[PDB]
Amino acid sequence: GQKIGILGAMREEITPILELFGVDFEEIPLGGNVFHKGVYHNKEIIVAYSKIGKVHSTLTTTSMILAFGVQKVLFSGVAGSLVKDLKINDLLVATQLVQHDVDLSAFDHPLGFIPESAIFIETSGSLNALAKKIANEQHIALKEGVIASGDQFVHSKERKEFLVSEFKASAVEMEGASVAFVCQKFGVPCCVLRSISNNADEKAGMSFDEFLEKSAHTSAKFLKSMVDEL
């Protein structure tokens, strides 16, 4: 079958992935990352955590595509909620992503926009539709919405209000847009899956720590259930 890249940002997001697949993994170092290469149900799977933020995740995604030849990329990890209906532990897939910290307003560009690019980055409608069917069959909620990504941990009402007002974002994190961007440039299907671990408000640091393990597992379990249908 088609070779699948599986990414998280932090080690804690991929430890449950490696465990859930349960196969032998070969560890391959490249570019400051460790890639775990295995075979699962007649598919080659390549798993890594990128390290946090846009530069790290851009690098790792580019390596997955150029050095390992992955044919699709699935991202799993944790995020901050920007909307009341996304509770702690809830899942969402990103229909579109934006780099919320991009600002070329000095030249009258819309926030998020860079010349020769676009504000919103698209993901795979097929993979998102698959996620929604699996969630419906598992009888669990799954939101489909905009994820905002930037190189700051968001933990204030004011920044939340900006993200909602400017981009109508549903969640915030630090890698999705860059992963999805790289995949679009190389024509590789991508799905960005997140489980909420905090509300991106003044208490978000403490919530992040409280729920990292559970929310990371929630996302990882759901990602595995997608791979089982691929």
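Residue indices: 1-based, along the sequence shown.
Just going by the entry, 21 to 29 versus 8 to 16 on mean CA temperature factor gives the higher value to 21 to 29. On average the C-alpha atoms of 41 to 49 have higher B-factors than those of the other stretch, with 41 to 49 and 161 to 169 being the two compared.
Taking only the listed residues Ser76, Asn136, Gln96, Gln99, the entry reports the highest CA temperature factor at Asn136. Each of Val154, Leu142, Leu130, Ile121 has a CA temperature factor in the record; the biggest one is found at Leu142. When the modelled residues of the chain are ordered by C-alpha B-factor, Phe181 sits in the lowest third. Annotation for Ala106: CA B-factor lies in the middle third of the chain's modelled residues. Per the PDB record, residue ranking by Cα B-factor puts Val83 in the highest third of the chain. For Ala200, the recorded CA B-factor ranks within the middle third of the chain. Only modelled residues enter the ranking. Among the modelled residues of its chain, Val70 has a C-alpha B-factor that falls in the highest third, as given in the PDB entry.
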